[PDB]
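Visitor: Dropping the structure in here first, questions after.
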Amino acid sequence: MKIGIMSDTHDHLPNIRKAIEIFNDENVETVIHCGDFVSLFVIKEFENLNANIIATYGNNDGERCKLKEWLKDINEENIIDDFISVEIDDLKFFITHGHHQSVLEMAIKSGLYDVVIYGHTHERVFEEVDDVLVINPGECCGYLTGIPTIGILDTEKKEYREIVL
């Protein structure tokens, strides 16, 4: 009962690859990428991942439909949209790329969700506000801050772990 969380890979193959290895060596049923995968060729790299993918689009994602199509070739279970609202291990998740805070806030204050993954490069966090777990793993590529990171959430224990790549 462990979920991988990543975002902002920005075509950084070596780090994308380390992330996948880390998610495989761990249980990890599903992996969430709120990301700016950025380029289509990155999706290929995800064939080596032994888990389904719940993705969301960032501002820099150009080939939107091709990204969707390719993620589904990897597995029909995989999904991707601007916003994703799903339930996992009996938990209500809201997932999106960290664009406007106004959507983050309604999401938290609406009370409709147990977890809000608001992925983006800055403002890395794992906090609880109004009983809603708020998580942002930060950039997987580590280009703007110099610190590459991903995260793993144990849905069962409601505990999170930031992993510096």
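The way I read the labels, and the way they are meant: chains A, B, ... in the order of the structure tokens, residue 1 as the first residue of every chain, and ligand 1 as the first ligand shown, with later ones counted on from there.
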Which neighbours of region 46-53 of chain A fall inside 7 Å, counting only C-alpha atoms, when residues of the same chain fewer than 6 positions from it are skipped, and could you give them as a ChimeraX atom specification?
Guide: /A:20,24,28-32,74,77-79
Visitor: Find the spatial neighbours of region 146-155 of chain A, counting only C-alpha atoms, within a cut-off of 9 Å - ignore same-chain residues fewer than 2 positions away - and output them as a ChimeraX atom specification.
Guide: /A:1-7,15,19,23,28,31,88-91,136-144,157-165
Visitor: Among region 3-120 of chain A, which residues carry a DSSP assignment of helix (DSSP H, G or I), reported as an MDAnalysis selection string?
Guide: chainID A and resid 13:25 41:48 64:74 101:110
Visitor: Which neighbours of residue 104 (chain A) fall inside 10 Å, counting only C-alpha atoms, when residues of the same chain fewer than 4 positions from it are skipped, and could you give them as a ChimeraX atom specification?
Guide: /A:94-100,108-110,116-118,134
Visitor: Report the distance between CA of residue 38 (chain A) and CA of residue 61 (chain A) in Å, rounded to one decimal place.
Guide: 4.7 Å
Visitor: Per DSSP on the backbone, filter region 5-163 of chain A down to the residues in strand (DSSP E) and report them as number ranges by chain.
Guide: A: 5-6, 30-33, 52-56, 79-81, 83-88, 91-97, 115-119, 125-129, 132-136, 149-154, 159-163
